[PDB]
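Notes follow the structure.
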Amino acid sequence: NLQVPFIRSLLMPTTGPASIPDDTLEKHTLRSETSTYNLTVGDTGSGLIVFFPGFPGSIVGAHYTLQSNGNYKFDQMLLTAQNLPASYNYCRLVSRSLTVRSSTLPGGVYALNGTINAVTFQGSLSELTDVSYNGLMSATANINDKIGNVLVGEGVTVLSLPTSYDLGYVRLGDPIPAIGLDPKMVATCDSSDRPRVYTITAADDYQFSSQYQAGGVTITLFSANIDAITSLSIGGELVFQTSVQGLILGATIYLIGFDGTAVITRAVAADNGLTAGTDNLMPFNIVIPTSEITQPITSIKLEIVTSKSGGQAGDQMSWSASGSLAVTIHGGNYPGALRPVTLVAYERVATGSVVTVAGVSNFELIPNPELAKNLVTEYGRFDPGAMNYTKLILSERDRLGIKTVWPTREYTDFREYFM
Amino acid sequence: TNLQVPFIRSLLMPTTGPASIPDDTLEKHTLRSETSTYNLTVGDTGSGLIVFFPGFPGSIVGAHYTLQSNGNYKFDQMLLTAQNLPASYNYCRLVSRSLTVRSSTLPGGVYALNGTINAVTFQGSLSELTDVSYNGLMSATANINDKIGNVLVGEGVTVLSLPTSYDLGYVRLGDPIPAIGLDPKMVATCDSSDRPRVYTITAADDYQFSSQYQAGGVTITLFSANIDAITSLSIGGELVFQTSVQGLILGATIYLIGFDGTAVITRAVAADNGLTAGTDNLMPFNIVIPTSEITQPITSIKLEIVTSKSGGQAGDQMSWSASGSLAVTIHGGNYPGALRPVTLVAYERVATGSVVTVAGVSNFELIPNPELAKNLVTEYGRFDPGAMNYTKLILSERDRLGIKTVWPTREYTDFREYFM
Amino acid sequence: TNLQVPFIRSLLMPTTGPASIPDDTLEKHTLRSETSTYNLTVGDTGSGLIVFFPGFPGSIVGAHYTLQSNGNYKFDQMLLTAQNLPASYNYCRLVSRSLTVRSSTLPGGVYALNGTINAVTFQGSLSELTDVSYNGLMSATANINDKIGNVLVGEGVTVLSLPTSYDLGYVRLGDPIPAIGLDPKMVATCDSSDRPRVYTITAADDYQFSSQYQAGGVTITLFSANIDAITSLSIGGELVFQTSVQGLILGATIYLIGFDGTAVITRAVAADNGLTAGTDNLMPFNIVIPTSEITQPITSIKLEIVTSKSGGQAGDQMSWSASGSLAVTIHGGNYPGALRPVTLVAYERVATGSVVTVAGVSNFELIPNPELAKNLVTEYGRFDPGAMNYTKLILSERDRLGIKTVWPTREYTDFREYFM
Amino acid sequence: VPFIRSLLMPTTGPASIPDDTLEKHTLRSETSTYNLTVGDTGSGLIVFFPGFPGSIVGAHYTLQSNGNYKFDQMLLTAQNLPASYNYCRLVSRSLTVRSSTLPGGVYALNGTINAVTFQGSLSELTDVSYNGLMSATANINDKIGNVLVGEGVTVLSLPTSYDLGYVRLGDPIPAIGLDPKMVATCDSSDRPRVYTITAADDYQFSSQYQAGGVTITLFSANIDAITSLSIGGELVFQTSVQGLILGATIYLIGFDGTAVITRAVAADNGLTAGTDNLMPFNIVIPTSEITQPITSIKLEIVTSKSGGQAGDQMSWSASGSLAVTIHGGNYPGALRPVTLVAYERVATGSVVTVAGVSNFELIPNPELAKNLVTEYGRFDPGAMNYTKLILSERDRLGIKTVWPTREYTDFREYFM
C-alpha cells in the first residue's frame, strides 16, 4: 500500500517532496501524487512497459502487449491521478519511483509463471536498435542501469535519477479561455522551450518514371525515425518537374506509432495538376496538437500517388522531385521530455492475470489564476551544502551502490540501510 | 609542437588534457580530447585570413580564406577536427580549446622571412564587421589585452578560448538518423535547435514598381540584408501583390551569399506565378535549407524578382505593388559559442615557399550515439569544491594577471612556464 | 539469480566478472561480459534437447531442437548472446562461461509439475557421437564428473566452460569489410581462418554404373559421409568419368544436411554435362559456402548423380565409371572450442503451461574494429603472479575436490557459497 | 644482453626470447639504411611493418599534385634473408625517420611529420588524409602530431604475442625447367587468412547491344596481402537470350589506385540458353609478381552478342561466391599491425633518411647449416615475468610505439 531534505526525496521518493537546491528560483508550491494500475495481460502472456522518468507533467508511461504474429498493440497510456494541466501552468519534476510486479493469481490456474527484465536507455525511444527479450539488455554498457532474469514474484523498482539541475519551468498543456462556434474546439499553450527539429532532404533530383496503371501508381518517397509525444509542426516544401503533358498528383503524410499503426493522416495535396516544362510547387505546413496524438509516434512516412486524366494502356508517367522538410517538435530537447527512457519487458505470465505498476511522483510547480487566488506560493527553503552533498553522492554512483533499475528486495535492503 | 587534471589547469593550458566543468549540469558523459593539424597553401599574393570559432560546441574549428590580387577573398577549405564528432557521438559541449598559428620554415641564415600576423577577437558575429582588411582588424575591439598586432611569422600567435556562459546544456550534433528512401542522395539528420536566432525583415511597405516591357523581363532586387549561419536554417512568411493590369507573371529567386561574395544557395520560390488584376495575389515563402547544402559560412541574403508579361510584344508597361515580411530562423544560433565569439587571425605578405601551419587541441564532453553506447561506459562528473569559485576569482582578477585570448607564442610559453 | 577479479574466481564463478588469462599471449585488448536470457517454447510432446557450445570463440552459444510426435527433431532457433559481437569487433577469445537450464515456474501447493533433465559432455564434436536419445545420451562419456541424470527441472543443471587449452591466438570473427558492389544483398566478410579441419573423401575406385533408359533419368546417391561445420566451408576435388555408350548427358548435385535430417543448402555442381566415349571426362568441384547461408548446424554431406540419354528408347543401356577424391575444408574447425567440445542438455516431458529458461554470462577478450578503436582505449593484462600455477593445481585434482561440468543448481549454489 | 634491453633499445643487440617454444636457432642483427628522394611537391608517406617475420620493413609512397599517390620502392633490408635461411622469428626493431640537413642551394628547412600506429591492417583505414590520420586510434601514447622534420620520429616495435612458431621464409627450392625464368619457392603458409565474399545473389543484368561489349563491375572489396594469395570459387550464368558471349577479368590493385595484377579468367567463351552453365575461379598468384601491397580486388565482365545491332536487351542472371586465401595473413605481424608516418612539404630536391636495426632468430639453409652451429638459447628464470610486468604497466611509464626522437634519447639515458 501507498499513502524533507532533497536527497532523501531523491533516493526515497515515497517520503515527501522537497525543493531543488539549484540556482533557479520561482515562487512555487510542491506536491506529490500517485499512479496505480492493474494492467490486464494479453493472450500471448507478454508485453512491454515504457516509462518516462524525467517527464515533467502528468504522463508516466505507456503499455504495449505482444501478439501471436510477433507484433505489438497499444493497450493504453499511463497518466497520473490528477490532471496537472487543469489546475497548474508551469512545473518541474523532483523525483519518481515505481514498482511493477505480479505476485498473485487468477481463478483456475495452479502456478505463477513469471519473468521480467529492464534497462534504462540513454537515448530516446525510436532510436534503439532492437526490441527483443534477449537483445534488450544490450542497449547500455553500465552495470547499474540494467538487470535481467528476475522473477515477477518480487518485481523491479524503477528509480528516477536526474539528468540536470539548473532547468527552467516547462509549460503544461493548459486550456486557455476561448469562444468558438465548434463544440470540438480546444485552445492550449504548449510546452515549447528547447525544440527538437529534424531536417529531411527528400530528394536531390530524384527522377521517377513508370508506365500507366488504372487508378495511379503509389510509391513511398521516404521514412524516418522521429518519436514525438506532445506536438509537432511539419514545415518545408518539395519542388516538381515534368515533361509529359497531362498528369495529376497527390500525396499524404502518415505518422506511425511504435506498434506499427498509422496514427495520424494528413492529405497535403489531393488531386492537383502538374504543368509541363515550367516549374511548379507544392508546400506543406501541418500543425498536430496533443489531443490528436493518442500514442507515442515513430517513423514519419510520405507517399505520393500519381495518375493521369485520360490515360491509356501504354503512355508514360514521369516526373522529378527535389526538396527538404523540417519536423519541429516543441519541447523536444528538454531534459526528461524525451531523452531518458526505461523499458520493462514481461513474458510468459499467465493469461488473464495482471501486472501492477504503482508509484509516486512528486513535483514542484506553480498554479493557474483561480488557484493562484486561493493558494499561496513561496520561495524554496534554504540549506547550504545540500548541493555539494548531491554532487558527492552522485560522483561515486558506481561504488556506493546507487542504480536505477533493481528489484524490490534490493531496494528495500538499500532503504533500511540508508534510512 | 609535439601533440598527443582540474578545470583551471585544463582551462588556461588546454593541451594538458580534458576535465569536466564544475557547473551544476550533472549528466552522464565521457571526456574526449582530439586535435587538428593543418599545413596551409599560401596563395600568390601571400595574404589570407584564418577565422576561428573558439566556443563552437563541436567539430568545426575554422575557415580559411585567401585574398586574391584584385581585393576579393577566395574560399579555401573548412578547418575542422580529426575525427568527426557527429558520426560517433550525439550531444556535446565545449570545455576549452587552444589554437596556434605559426610558420615551420626556420631559416638558416641570420634574417627572417617576411610575413606578419594581426589578430583580434570581438563580441559580435562575422557579418557584423565594418572592415576585414589587415589594418582594420585592430579597430574591431577596445580592450587592450584582447587583440595584438605586428607579430612576426616565426613566432606566431596562440588563440585561447575564455568562456561565455557556464550553466548551459548540451548541443545535439548533426548526427545521421536511419532512413529508407528511393533517392540514394537523401539524408535525415537531427539539427541543433536549443536557442534559435530569428531575423525578421519587412521587405516592402506598399512599394510601387513600374517599368517598360522588354524581352525576358525586368530583373530587380528588393533587399540585401546581412545574416549569419553555419548550420541549417528556414525562411518563412509571405508577400502580397496588387496590380491593375492583368497580363502579368513574375518569378522570384532567393540567394544566400557567403563571405567571399558568391552565392552558395540559390532556390526559386516562385516561377510563372500568374496574378489576377483587381484583387490580392499571394506568394508564400516555405523553404528550409539543410546543413549539407551549406558548404561555407553565409553572411548575407537577397531576393530578386523577374517581372515579365504574357503576350505583350508591343512597347507597353507593366506595374505592381507589394508589401510583406520575412522571418529567417536559424537553429541554435543564439547558443553562446555557436556564432557569437569569433577570432580573426590574419597574415599578410608571407614569402613564397613558406608554410603557415595550424596546431591545436579541443576538449569536449560527449554523449554517444546508440551504437557506441553499447560499448563505452558513461558516468557523472567527479566534483571538486571551489574550482568554480576559483574560476570566478581569476576571471574577476583578469587584466592584472594579463590573461589574454590572443598571445604571441613566446609570451604564452613563458606564461605556461611561470604558472606551473 | 539476477543477471546484472583474479582469474580463478572468474573461471569457477563466471558471473563475478571478466578476468584476463595469465598466460603468455601478450596483446592489447579490452574486456567485456555479456548475458543471454531466453525463455524456451516447448513442443506438443514436451521434449527436445539443447545443444550448447561452451568454448565457442564468439557469440554463438547453442541451438534448440524439439522432439516431435515421431522420433525426429525440428530446429527452433540458434541461441545467441546479447549484442552482435562481430559487429564492432574483429578478434576474440573466451575466458569463462556459466549457463543454467531451469524452470521459472512456482508450483502451487505441495506437489511439483513433472519433467526431468539429463545432461552430458564429451570430447568429440556433434556429428561424431552415436545416439541422441534421452536414455542413450547418458552413456556418451565414461567420466563421473561430466554427466548427471534424473535431475528435476525445478532444480535444473548448471553448465561451466572448463578449459581446453590456454596459449591460443586470437581468432577472427565473421566480420564485414567495406565493398561497393552492385547488389542489395552482397555480403563481404573476413571469416574465421585459423587451424582448419579438413575432410578427404574418396567417392569411388572404378565404380561401374549400368541401368536402362528410364524416361526421366536415374538418380543414384553415390556417398553419404558425416562432416560438421557451424561456419563457412569449402569442398574441392576432381571426379572423372569414362563411358562406352555415346549419347549420354549427366548432371550432379551435392547437399548439406542439418541435425534434423532436413537439407540445409543445395548446390548444383555441374548440370547437363555432355561426355564423350573413349575419353576420360573431367568434372571439378569448385564451390565455397559462406557462413551467411548456414542457418542450423550441419551434420552430414551427400552427393547424387542423375543421368539421361539423348533420344532414348525402352532398352537403351546407360553405363559409366568413376574414380576420384574430394577434400572438404572447414575454415577454422580444429581451433579447440569452435567445434571440438559439446554439452547436450536434454529435457523430456515437461508439463504443459510451463517454461524452461536458459540464462548465463560469457567473458571475452576482444579487439575493436577501426571505429570502436577510434573511440575506446585498449591495453595489456594485469600480471597476476603465479595464477597459472594455482589454476593448474586446481585442475589437476578436480576429481578429489569435486569440480564438475554439468551438475544441478543446488550443489553449484552451496558450492560457490562455500567457495566465496 | 637480456631480452628486455634488447626490446626497449634494439640497437644494443639481439637476444633469444624467453618462452616455451624452444628450438635450435641462431641470432642475427640486421640493418637497413635509405636516403629517399622526395616528390616534386613536398609531401609523401612511409608505411612500416614493425613486427614482421623478416626481410620487409615497409614501403614508400609519394603524393602527386593531382591528389593521387605513387609507389616508389619497397624498403627491404641489407641481407636477403630468404637466400640463406629457412625459418625466422622477429625479436625487436627500431626505425627513425628524419631530415635535418639542407640540399645545395636552398635555405629554410620547411617540414612537418604526423605519425600513428594502428591495431588493424592497412587496407582497412577510414581516411589517410593528413589531419584525419591522427584519429585512427584512441591510445594517447601511440601517436604524435606535427613534429619538425629536423627532429624526426622514432618507431619502436612492442610485441603482439610470444608463443609463436617460426615462419617459413620464401626461400627457393632446387628446380629444373625449360624456360629460364622458372621460379619455385616455399613461401609462408601457416596460420592463414581467408576472405569469403559472395559476388551476386540472383543479380539480373540487362542492357542494349553495343559493338564491342557492355562492361560492368560486379563488386569491390578491401582485402590485402604482401607475399602471396590464392582465389577460388565459381559463379553461374543463366539466360533466355540465344547467342550472347561473355568473358571476365579479375584485378589486384595497389595502395595508389593502379592495377598491379590482371588475369583474364574467361576469354570470350560463350554460353547456351535455357540451362545453367558456369565458370570457375582457380588462380594462383606468386610472391614474385606482387611488387606493391594489395589493397582491393575487383571483377568485371564483358558481355557481347553475335549480331543484333538494335536493342535486344542482353539479359542474364548470376549467382555465386568466392574465397581469397592469403597465405599467412593471421600470423601476428605478417599483415595486422601497421604504423603510418606521413611527412609533408619537405624541401624540394632534398632527402629523407631512415635507419633500422632488426634483431632476428633464424634457422639455416642446408649449406649454411653445414658450416654454422645452432643451439638452444640461454635460459634465466624471471625475465618473462619482468617483461609481463613492464608491459602490463605500460601506461604509467613512458613506453611508446612511436616517439619524438629527443624524448627517446633521454628515455634511454635515464633507463640504462
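Letters A, B, ... go to the chains of the C-alpha cells in the order shown; residues in each chain start at 1; ligands are counted from 1 in the same order.
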
Kindly provide the residues of region 270-351 of chain D that approach region 50-69 of chain D to within 8 Å, each paired with its closest atom pair and their distance in Å to one decimal, based on only C-alpha atoms, listed by chain and increasing number, as CSV.
residue,atom,partner,partner_atom,distance
D:332,CA,D:51,CA,7.7
D:333,CA,D:52,CA,4.6
D:334,CA,D:52,CA,5.2
D:335,CA,D:52,CA,7.8
D:337,CA,D:51,CA,7.1
D:338,CA,D:50,CA,6.8
D:339,CA,D:50,CA,7.4

Can those selected residues be exported to a file as a PDB file, in the first residue's frame so that it contains C-alpha atoms?
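Saved the output as part22.pdb:
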ATOM      1  CA  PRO D 332      50.737 -11.643 -35.628  1.00  0.00           C
ATOM      2  CA  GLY D 333      52.947  -9.248 -37.541  1.00  0.00           C
ATOM      3  CA  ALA D 334      52.600 -10.609 -41.059  1.00  0.00           C
ATOM      4  CA  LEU D 335      49.793  -8.216 -42.005  1.00  0.00           C
ATOM      5  CA  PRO D 337      49.932  -4.193 -37.003  1.00  0.00           C
ATOM      6  CA  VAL D 338      50.992  -1.158 -39.015  1.00  0.00           C
ATOM      7  CA  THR D 339      52.451   2.293 -38.398  1.00  0.00           C
TER       8      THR D 339
END

Chain A near chain B within 7 Å: what's each residue's closest atom pair and its distance in Å to one decimal, counting only C-alpha atoms, ordered by chain then ascending residue number, as CSV?
residue,atom,partner,partner_atom,distance
A:123,CA,B:370,CA,6.9
A:128,CA,B:370,CA,6.4
A:138,CA,B:374,CA,6.5
A:139,CA,B:374,CA,5.5
A:140,CA,B:374,CA,5.1
A:141,CA,B:374,CA,5.1
A:142,CA,B:377,CA,5.7
A:163,CA,B:27,CA,5.1
A:164,CA,B:25,CA,4.7
A:165,CA,B:25,CA,5.8
A:166,CA,B:25,CA,6.6
A:194,CA,B:194,CA,5.0
A:195,CA,B:193,CA,5.9
A:196,CA,B:193,CA,6.1
A:197,CA,B:191,CA,6.0
A:198,CA,B:190,CA,4.5
A:199,CA,B:189,CA,5.8
A:200,CA,B:188,CA,4.5
A:201,CA,B:186,CA,5.7
A:202,CA,B:186,CA,5.8
A:203,CA,B:183,CA,5.8
A:204,CA,B:185,CA,6.2
A:206,CA,B:183,CA,5.6
A:221,CA,B:181,CA,5.8
A:222,CA,B:181,CA,4.1
A:223,CA,B:179,CA,5.4
A:224,CA,B:179,CA,4.7
A:225,CA,B:178,CA,6.6
A:236,CA,B:287,CA,5.4
A:237,CA,B:286,CA,6.1
A:279,CA,B:271,CA,6.0
A:283,CA,B:286,CA,6.8
A:324,CA,B:288,CA,6.3
A:325,CA,B:288,CA,6.3
A:326,CA,B:288,CA,6.9
A:391,CA,B:383,CA,6.5
A:392,CA,B:383,CA,6.9
A:394,CA,B:380,CA,6.7
A:395,CA,B:382,CA,4.9

Handout entry: Residues of chain B within 8 Å of chain D, only C-alpha atoms counted, as an NGL selection string
Key = :B and (1-4 or 34-38 or 81-83 or 104-109 or 354-355 or 359)

Serialized selection, C-alpha atoms, as an mmCIF file, in the first residue's frame:
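Resulting contents of again.cif:
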data_model
loop_
_atom_site.group_PDB
_atom_site.id
_atom_site.type_symbol
_atom_site.label_atom_id
_atom_site.label_comp_id
_atom_site.auth_asym_id
_atom_site.auth_seq_id
_atom_site.Cartn_x
_atom_site.Cartn_y
_atom_site.Cartn_z
ATOM 1 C CA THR B 1 54.923 21.245 -31.212
ATOM 2 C CA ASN B 2 54.702 17.624 -30.004
ATOM 3 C CA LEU B 3 50.987 16.923 -29.640
ATOM 4 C CA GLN B 4 49.393 13.892 -28.007
ATOM 5 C CA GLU B 34 41.110 15.445 -30.023
ATOM 6 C CA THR B 35 43.335 17.559 -32.209
ATOM 7 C CA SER B 36 43.686 19.146 -35.638
ATOM 8 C CA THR B 37 46.906 19.868 -37.565
ATOM 9 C CA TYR B 38 46.853 21.672 -40.931
ATOM 10 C CA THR B 81 38.863 18.280 -36.261
ATOM 11 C CA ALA B 82 40.405 14.883 -36.983
ATOM 12 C CA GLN B 83 37.533 12.583 -36.023
ATOM 13 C CA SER B 104 57.558 25.902 -39.597
ATOM 14 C CA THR B 105 60.141 27.108 -42.106
ATOM 15 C CA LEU B 106 63.014 28.298 -39.782
ATOM 16 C CA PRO B 107 65.756 29.923 -41.921
ATOM 17 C CA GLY B 108 69.410 29.029 -41.511
ATOM 18 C CA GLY B 109 70.806 32.489 -42.143
ATOM 19 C CA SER B 354 56.889 29.446 -46.649
ATOM 20 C CA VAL B 355 54.214 27.393 -44.913
ATOM 21 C CA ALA B 359 48.018 23.234 -34.445
#

Fill in the blank from the handout: Across C:88, C:357, C:10, C:47, the smallest distance to chain B, with only C-alpha atoms counted, is shown by C:88

Practice task
One decimal, Å: what's the distance from CA of residue 406 (chain C) over to CA of residue 62 (chain C), could you say?
Solution key: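 Distance between the two atoms: 15.4 Å.
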
Handout entry: Atomic separation - CA of residue 228 (chain A) relative to CA of residue 268 (chain A), Å
Key =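 Here the two named atoms are 19.8 Å from each other.
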